[PDB]
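Student: Test case, fold it:
(chains A, B, C, D, E, F, G, H, I, J, K and L, ligands or ions: 4)
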Amino acid sequence: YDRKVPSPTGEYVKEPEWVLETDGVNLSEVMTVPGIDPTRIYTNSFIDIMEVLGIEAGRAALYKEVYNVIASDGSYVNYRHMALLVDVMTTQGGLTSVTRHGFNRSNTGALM
Amino acid sequence: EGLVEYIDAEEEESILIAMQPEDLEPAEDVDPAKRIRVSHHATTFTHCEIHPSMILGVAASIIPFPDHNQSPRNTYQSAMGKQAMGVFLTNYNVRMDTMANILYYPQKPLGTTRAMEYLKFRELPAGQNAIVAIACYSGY
Amino acid sequence: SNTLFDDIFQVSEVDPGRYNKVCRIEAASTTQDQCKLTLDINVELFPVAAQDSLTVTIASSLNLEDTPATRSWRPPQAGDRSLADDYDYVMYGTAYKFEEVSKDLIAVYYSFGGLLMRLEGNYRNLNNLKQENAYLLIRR
Amino acid sequence: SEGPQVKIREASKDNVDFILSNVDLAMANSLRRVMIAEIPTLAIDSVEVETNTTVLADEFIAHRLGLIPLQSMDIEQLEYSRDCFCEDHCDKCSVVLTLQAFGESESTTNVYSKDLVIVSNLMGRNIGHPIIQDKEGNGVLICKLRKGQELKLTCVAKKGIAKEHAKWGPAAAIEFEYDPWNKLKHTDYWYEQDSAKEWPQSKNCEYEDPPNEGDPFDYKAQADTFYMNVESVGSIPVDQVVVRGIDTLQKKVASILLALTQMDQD
Amino acid sequence: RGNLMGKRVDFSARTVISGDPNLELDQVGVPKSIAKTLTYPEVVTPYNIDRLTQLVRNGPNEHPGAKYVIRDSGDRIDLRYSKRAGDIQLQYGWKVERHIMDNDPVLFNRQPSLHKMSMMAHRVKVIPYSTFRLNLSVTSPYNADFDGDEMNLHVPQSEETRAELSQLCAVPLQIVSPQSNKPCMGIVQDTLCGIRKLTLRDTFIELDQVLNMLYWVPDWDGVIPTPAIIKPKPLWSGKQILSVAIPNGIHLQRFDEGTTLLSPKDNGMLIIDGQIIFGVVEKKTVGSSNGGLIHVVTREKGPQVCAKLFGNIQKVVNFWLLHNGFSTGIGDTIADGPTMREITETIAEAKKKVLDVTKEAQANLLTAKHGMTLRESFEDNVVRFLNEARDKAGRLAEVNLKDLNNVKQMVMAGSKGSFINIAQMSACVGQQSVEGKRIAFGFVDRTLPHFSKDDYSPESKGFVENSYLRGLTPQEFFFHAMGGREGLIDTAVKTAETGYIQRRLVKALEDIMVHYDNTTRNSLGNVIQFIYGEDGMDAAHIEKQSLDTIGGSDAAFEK
Amino acid sequence: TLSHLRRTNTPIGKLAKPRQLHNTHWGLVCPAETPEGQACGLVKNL
Amino acid sequence: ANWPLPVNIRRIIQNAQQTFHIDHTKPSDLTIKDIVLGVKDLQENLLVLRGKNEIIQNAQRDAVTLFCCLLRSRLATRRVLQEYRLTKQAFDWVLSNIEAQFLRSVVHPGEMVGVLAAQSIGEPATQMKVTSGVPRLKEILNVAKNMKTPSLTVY
Amino acid sequence: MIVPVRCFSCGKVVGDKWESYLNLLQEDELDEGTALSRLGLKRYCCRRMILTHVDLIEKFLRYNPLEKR
Amino acid sequence: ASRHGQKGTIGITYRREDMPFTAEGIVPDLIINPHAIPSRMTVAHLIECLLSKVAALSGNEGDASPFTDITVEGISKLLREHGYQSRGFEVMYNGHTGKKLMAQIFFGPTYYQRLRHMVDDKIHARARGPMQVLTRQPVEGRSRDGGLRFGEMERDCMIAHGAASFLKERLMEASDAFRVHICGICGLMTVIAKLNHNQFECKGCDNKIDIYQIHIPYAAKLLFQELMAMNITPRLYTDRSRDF
Amino acid sequence: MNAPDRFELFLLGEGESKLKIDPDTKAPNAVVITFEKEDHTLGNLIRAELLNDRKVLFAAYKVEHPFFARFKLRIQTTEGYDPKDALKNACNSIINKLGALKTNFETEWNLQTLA
Amino acid sequence: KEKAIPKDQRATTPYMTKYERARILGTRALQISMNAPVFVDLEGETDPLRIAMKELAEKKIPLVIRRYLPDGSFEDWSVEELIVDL
Amino acid sequence: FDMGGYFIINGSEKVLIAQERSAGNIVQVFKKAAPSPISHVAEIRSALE
Ligand SMILES: [Mg+2]
Ligand SMILES: [Zn+2]
Ligand SMILES: [Zn+2]
Ligand SMILES: [Zn+2]
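Tutor: Residues are numbered from 1 along each chain as shown, chains lettered A, B, ... in the order given. Ligands and ions are numbered 1, 2, ... in the order given. Shown next is the protein structure:
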């Protein structure tokens, strides 16, 4: 992959780095393997991110997953629209689904 | 006489069919406008298609040059060809139907299809030959 | 009113580009070795060929006596006298940029309704060109 | 007299071909618009059906009858039904035609426009008679009948213009062309390799000299010397179509002048 | 869901919609019969006592007219059957239910109505015929065409809703969408193609035509601009006349690839004081794009000024295109002989490359790419070669197209089409894929009963070598039909699945609102965000800007 | 009328994708005649 | 460096230059003290929250952090005097417009952002190695324990 | 169902040429192209009016009359 | 619609003297936008027009069967033999002014079809009309003077616009609106109101001075009554019991 | 059905005038004339004739909507020249030119033999 | 009245919102349509909405907006003192 | 031109749409998903006409 890191002169230059892509997720055990950068490891499934790094880390991971889907087709959506959806999904100290088993099990009035 | 044979989908799995007798059957400059046709250089043909155009149905046999169209457009025409006013029957004056539509002056197409002969479209046409201009005239 | 710039140029080359009526001509002044002109000319009304000599003049107004959307343009009337009578090709446009090329070289950009002109010269010959509207007169 | 010039190339009872020179494009275009849409003509407008045992609908026959071209040489002597002081219609603003056909023969019998009979008082006029323009002497095939079928109806003809309905249109296609050599650069010829070889030359190209093949474009030239071919449907003579087209356009301009004068007083 | 959340309502109308380039952006054409059915209860006041009395006299069968008279006591008097006693004497405080007139604000909607711009308020314009009429520029927000689509109309019945509808839902207020902080309305179709043609350097307009074009702009100042060319013939450039529609004081600058101050290709854009200096006008300028002319105008001069811009540009551009013309035919999809010879060789070279790989795999001398099987690696190589063959073939055809080619003209202006459309119509349809893979062996080890088993050549697994101009062979026709069926199935399935997703999302966030303390809370009062969007701004007012401090080298920063 | 007299219907728990135009359909059912709605692919024409 | 931000400063600067017809050659009358203090006190008027307590004031300061960075970068002492050639009258005009434009961009209380956000995310969905498109969006919205193609990225 | 009275495009009368057209095809042994030109139909708008017309009236006339006099 | 998926409605009708005309005097019976061709790639539509033009000029029946040896170039050659542009382009004149159109128009015959959808069978409006017996809302169906559905999605868009008052007007004044009396003790709609005598009573609570009237949709009344028959007590109250 | 009666294209209605002349405030000595029950046939002809007059500075016409048969004509003349007088001269020129054409056509037609 | 914030410590935005303007114009327009006394000089106008717009421009609308907080507290803002900047 | 092929029931023309079904008396082997004790199943819908 190509990542833009600051150059010693002060400019941003693209340098190549070797990145490993995996099928299957074991975040807890892989994160401890020596030789990798634990401060940058990312997982496709935001569920394991929440269980290992916390709700706030899951919040960022959830937004990135949503952003990728929206940006996969080239469409652009304002950040706050996705941020609000992600914030609602993580406001109850956890990842609440948008089905009848998630937001519809709260206490917001029977009529709603 | 053994000149033609009925073949089902299961039996097609064990035969080799030729698109047309013109080129594939005979043992084997070229016009730049003709489509690129593959000979397939096969010398074991067991059957020959009556005509490739017969793979189409009743509704798809009315389209002129359907092979010069994007596939989804042909599908739309098939559905729309069934909603076109015409002459469903010649005895519309003695039948009491819930609803019936009859065109005043039906005309047969200027560009027709050979399969169209057996659908009686030249006897019961649904449409007219209008003079059409493709232009941006008034923005309407 | 009064001429802001006048000189005689020799057309180095003519480029029709992708257009059929407008050509971009590169010319250099015959008296100054640091003056060049890039101009777009409607060759349908004023054909231009290579190695041709053109007298280029820029004026702020067309009326003879000095008078230093201003006013609604009206068709010329019989007996009207103006600087345009002494030239063959006349254009009206606006200056939209003043660029410094070197210590003493100044380039002025003009746009006559989409036909762009670039006048490059020393600081002491293009000092009368202001960021305003001006007429361009060309005589063969 | 030293105004627009006219030169007739081919004259017939159905088509007139001429060159209209020393005229402006606006006038030439307006003339053809008036010839198509604003020349009064006589046509069947209402039909009363007494008996109809045919295989066609009553409105189907009525529509066909309205498209039958009728003589309109003396149309100016007729009056508009809207401008006449009559209950429904009279001999001063209308013509009545009757059609009666019965299937007396075993074979199919054809009903033509020659079977229409005028039952009104023409008062010495020259209008109403259906136009017969074929060798056999029959007219338009209005309907077909078999044995035992009868058609009985009455037609009323009124004067109108094509703007109200196309059936009062007295002129067929009108050819109109100018500058066959494209010397005014009014068209950008679409082509693949060479426009001249791909675009056939108009038949009018022989009446004008070709371009000098290298001369500068003439920006002072204005379109003139229009080539026109007016066709007539047969209701009125083709020459009368052009003559009355000019008359109609002249009257319309005069009406504007008259209206302007009336405003001047007030 | 069927009777409380959504229910059928009165005072509404439905009919087919049509396009009218002579209608303002916010105007809607209403059929006369519909206007005679829908009514608005207007209160009788000293200001309209005379006007309302005339409507009562006109009766309910003559537009403009009235249908009912409601007294202050609540009694309703039907105008029909009432004329026998003569016209009613009106009094202050009464209500006269009269036909909807011109300029009456109405709500115009089209289902499924997936976003707020699909339901906007328009101004009534009673018209002949039995169809609704609306401006072309507002079709994109509605996602509507004129192939038979129908739209719903709703008439407010109170002054409060009348003012609320016209001050929040008005079309001009929806020009800049908050979904992507970019305009959702722009010049489209004929006006987009015409404006691109009109702004070319070769477009010059004579005096007679210029006067007509100038007069077509309602807000024209009555001053004829000086022609770009004064002698030997007064000619106005296309940019000069179009600049009249652009309001004064608008500045816009854009540089495309290779664009300089002396634009050699006439690309880019430069507008000073509402005058176009150089550059062609296309979708990047007058379309629904970020930073375009519409975005600049609506943010600098307001929404009402921007609404007038839509009409002015359309009126001037449509008139010019009416007298200029623009068409397209078979001749626009035909490439010259040399291009076809190059295209045929290009495809043959790709086939030969595919032949070589198909021979190495048969010899087992091909090593599978890491992470993929031998067969999967072979398929990827074949697909890559064939996909590139179509792209290269299309490039040759597109380059050969002349500037006069109508299909090329449409693509350049952005009105319709794209590169792939030109390539498939003229050069090569390409490889047909089902389930993201080549045509599978429906039969035993073959695709159709015309090839021998284990045939992996492009012609066998669904490579359409011909173009739509040349025609598809029967094998290609069936393979192409198979690919299209995948698209039709996806369209049906995608619509159903996506509709459920949208409903779920809306219901989960329907009770979230921004409060007067700038915090985002739901119906329970729980705080979702302590400030909307983490910055407190509105998406409709956001624009993309460059941060000059983050970028650049240290030396550049110091300088 | 002719099309309606030659139509076929496929009642849709199954593990397959019957809506696709299978290769064996060549020459037996029209590859282009199918409804555009919920019945796409399931209703075929001979 | 290209990010969405409320006020388009570049357009405002251009309007000031074109409105007052900046000479671009004659020296300006601006002073270094005026520019630095003019920009500094402008940042104080960019009020999103109006509480008079420490917690709200800190939140207000944080809310305009990024915008102030853009404001300072564009209205730099060197850039204003050297690149823009702004006059004191022009500079004051720019400052007033920036304050007015920023206050117009603030979200209006009572706006139903929740429905707007849902429609802005759902409307694009109708037009839509790893799972993408609607199946992935369904995978995200529906919190499914087992996803089709889980993956890890290791640096 | 029956030959139109007028050409749709230009309004030329074509309803009085149907029998002549049929006669030319049958007795004169002329192809449809030559017969159309001999009838004076030059513009292709008129040619398609007679060339593509279907005479459904003949089929209807085969049914016995509903009401005989 | 044509035989190639191209369908559309009549935008406007023009008389003969307004339509563009060729040098021969032929005016189109129909005008379609060029923009429909590229995105849809219905090349057969263009070929058919070229073939149909040749067929009419030659008095023949065009052969448009899918898989034949007929090529576009062959049609073009025959068309050129007739004195027409090989690609079907013609020089046209503007009907308003008579001036030549700068561009040449693809012009020829094509077979078009009239579909069953006519606007007169769809146009309909409703100010007021019959209501359903059960829900007391506008009936369904054009033939029965029914109303139009203001569905939940439409409600969502109005909530986004912030037009709270308009939303109430659609749901109450433009649809079912019912006034009911509720008891101050029990929130049930079981108050017997003798409006002629100006008397109210809530049997079971034994009160006549604690009655309130509320405006709710008739459907809402039906829901609560249905719930009451289901042993559920939806109680409507006018005063708050808990602070926000 | 909402199809207007076809006679509304040319027939003048009740309480309606053929011409409606109103002064234009956008430019000096400019007037706008509204023609009722007229189309491009007269607007194009009148506008073209006006442009031939050296004392007319601006002359243009437009049809706001094709549904209605009315067009607007804007005329601006030099100071001291009445726009109404300019219209008078233009109409008279058209009438005179048309009359000359009619006579020329008739004399040429009388010289033919086939018809 | 502990739910009424005194004018000295109001912390809401001093700018009238689009929703506040929409209701104020609609409410005042409705009152005008029902024969309410007009407090602004009329230079010729019959539309109640237009008259309301004229009143708002001159700040002659005798109404106050009671902005509610998510806890039940509220602030009273007069139309005259609210700046109309949008 | 009428081709028949339909029934007249209560005055209404009714057409019997052909119904597509899987052939009987044919052995078909299918694979099941991982969450199942059975990996492969051979099923025959025995039918006697
Ligand atoms: Mg549609
Ligand atoms: Zn009479
Ligand atoms: Zn014709
Ligand atoms: Zn009680």
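Student: What are the boundaries of the helices in chain I?
Tutor: Under the criterion DSSP state H, chain I carries helices at the ranges I:36-40, I:43-58, I:72-81, I:152-161, I:164-172, I:218-229.
Student: what's the helix or strand for residue E:408?
Tutor: Here residue E:408, judged by DSSP states H and E, is contained in helix E:406-413.
Student: near chain I, anything from that helix?
Tutor: Yes. Using CB under 8 Å from any CB of the partner chain, we find that helix E:406-413 touches chain I at E:406, E:407, E:410, E:411. C-beta coordinates here come from the backbone N, C-alpha and C atoms, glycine included.
Student: thinking again about what came up before, the helices of chain I: which one's closest to chain A?
Tutor: Ranking these by proximity to chain A (CB to the nearest CB) places helix I:218-229 first, at 9.5 Å.
Student: List the buried residues of that closest one.
Tutor: For helix I:218-229, the buried set under the neighbour-count rule, 16 or more other CB atoms under 10 Å in any protein chain shown, comprises I:218, I:219, I:220, I:221, I:222, I:223, I:224.
Student: what does stretch K:75-86 give?
Tutor: Result for stretch K:75-86 [16+ other CB under 10 Å]: buried residues K:75, K:77, K:79, K:82.
Student: From residue D:96, how far out is the one residue in chain C that gets nearest to ligand 3?
Tutor: Nearest residue of chain C to ligand 3 (CB to the ion) works out as residue C:20 at 36.9 Å. To residue D:96, residue C:20 is 64 Å away according to CB to CB, to the nearest Å.
Student: sorry, back to before: tell me how far the residue of chain C closest to ligand 3 lies from residue D:156.
Tutor: 60 Å.
Student: Those residues of chain F touching chain L, which are they?
Tutor: Checking chain F against chain L by CB under 8 Å from any CB, the hits are F:1, F:2, F:4, F:5, F:7, F:8, F:9, F:10, F:11, F:15, F:44.
Student: Quick check: the two most widely separated of those?
Tutor: Maximum pairwise distance among the residues of chain F next to chain L (CB to CB): 37.0 Å, between F:1 and F:15.
Student: For the two, indicate the residue with more neighbours.
Tutor: For residue F:1 versus residue F:15, the count of surrounding residues by other CB atoms under 10 Å in any protein chain shown is larger for residue F:1: 16 against 8.
Student: burial count for the nearest residue to that one once chain neighbours are set aside?
Tutor: Sequence neighbours aside, residue B:88 is the residue nearest to residue F:1 in space, at 6.4 Å (criterion: CB to CB, 6 or more residues apart in numbering or on different chains). Around residue B:88 there are 17 other residues, counting by other CB under 10 Å.
Student: in the single longest helix found in chain D, what's buried?
Tutor: Assignment by DSSP H gives helix D:238-265 as the longest helix of chain D. Neighbour-count burial for helix D:238-265 flags D:238-250, D:252-253, D:256-257, D:259-260 (criterion: 16+ other CB under 10 Å).
Student: just stretch D:160-168 next, same as before
Tutor: Neighbour-count burial for stretch D:160-168, counted by 16+ other CB under 10 Å, picks out D:160, D:161, D:162, D:163, D:164, D:166, D:167, D:168.
Student: Mind giving me the packing neighbours of the longest helix along chain K?
Tutor: Across chain K, the helix with the greatest residue count (assigned by DSSP H) is helix K:18-33. Under the contact definition 3 or more CB pairs under 8 Å, 6 or more residues apart in numbering or on different chains; DSSP states H and E, helix K:18-33 sits against helix E:159-168, helix K:48-58.
Student: Name the helix or strand for residue D:3, please.
Tutor: Following DSSP H and E, one finds residue D:3 outside all helices and strands.
Student: That one: neighbour count?
Tutor: Residue D:3: 15 surrounding residues under other CB under 10 Å.
Student: how about it, what does it touch?
Tutor: Contact partners of residue D:3, counting by CB atoms under 8 Å, 6 or more residues apart in numbering or on different chains, are D:22, J:96, J:97, J:100, J:101, J:104.
Student: Just the ones of those residues in helices?
Tutor: Checked against DSSP H, the contacts of residue D:3 include these in helices: J:96, J:97, J:100, J:101, J:104.
Student: Would it be right to say that residue E:28 lies in a strand?
Tutor: Yes. Per DSSP: H, G, I helix; E, B strand; the rest coil, residue E:28 lies within a strand segment.
Student: residues contacting it?
Tutor: Residue E:28 makes contacts with E:106, E:108, E:122, E:123, E:124, E:125, E:132, E:133, E:134, E:153, as judged by CB under 8 Å, 6+ apart.
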